[PDB]
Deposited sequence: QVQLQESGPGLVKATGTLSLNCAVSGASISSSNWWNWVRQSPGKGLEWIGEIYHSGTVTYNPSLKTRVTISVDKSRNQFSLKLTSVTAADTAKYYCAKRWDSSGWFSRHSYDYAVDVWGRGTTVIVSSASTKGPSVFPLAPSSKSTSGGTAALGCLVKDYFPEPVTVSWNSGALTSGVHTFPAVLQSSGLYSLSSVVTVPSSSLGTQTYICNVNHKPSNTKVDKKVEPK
């Protein structure tokens, strides 16, 4: 019994997210509850809902109006539909299965929990196509100075300092995904304070998806 989720990956804000879960090694018509769960990057697990092959469904009350779960016996799949999606719905989405123990001909029990999961699929909700970052210097005031790389999309940005000639004391922080559906990140370097008067520091910012490349001098303001 293996589950494999599939679906787009990028969904525009206010659109609909649609995912499918393919079931193998078991019929969807079996005595199982087919579940959906998600997890925002770095946050906790949130239950979405579950469905039985007859159609009986339960949803997380926090999502009730936007969520629809369905079964497709013809393809041995079940589905998730989420409407009016916003950046808050960027998450890894998991399908999962829990057994329904019914000693009776038609009884539903909660004597087992979800015990089989799919690998999960990542869905990003954003309105931006491909956006290059703004780059601002973070002036020193040893000493720390850096560069702020603000509001880019999609994810991959890299930073170097003095074209890579500066290899020591560099700390580039992982990006935050903002509620606007754009990323920002910062890079900081620690240098001698007596050098700020004679040495130049330039942060080079490369945004691979947009082929943007920016050099920013950071001066002691």
So which bits of the deposited chain never got modelled?
-> 1, 143-149
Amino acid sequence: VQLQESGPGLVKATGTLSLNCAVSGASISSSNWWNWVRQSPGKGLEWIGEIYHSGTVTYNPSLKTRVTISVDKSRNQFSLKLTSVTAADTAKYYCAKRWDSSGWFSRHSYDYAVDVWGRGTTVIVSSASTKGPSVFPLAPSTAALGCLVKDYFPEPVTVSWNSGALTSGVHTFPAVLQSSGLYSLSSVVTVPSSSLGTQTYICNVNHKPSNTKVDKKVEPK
From here on, numbers count along this sequence of modelled residues.
Higher-scoring stretch by recorded Cα B factor average, 91-99 or 127-135 = 127-135
Would you mind comparing 32-40 and 65-73 for me and telling me which has the higher average C-alpha temperature factor in the entry?
-> 65-73
Among 186, 163, 193, 56, highest Cα B-factor in the entry goes to 193
Among the modelled residues of its chain, the C-alpha B-factor of residue 60 falls in the third labelled lowest
Among all modelled residues of this chain, ranked by Cα B factor, put residue 1 in the bottom, middle or top third, i.e. lowest, middle or highest.
-> highest
Comparing residue 204 with the other modelled residues of its chain, is its CA B-factor in the lowest, middle or highest third?
-> lowest
For residue 221, does the deposited CA B-factor place it in the lowest, middle or highest third of the chain?
-> highest
Taking the values exactly as deposited, rank residue 167 by C-alpha B-factor within its chain and report the matching third: lowest, middle or highest.
-> highest
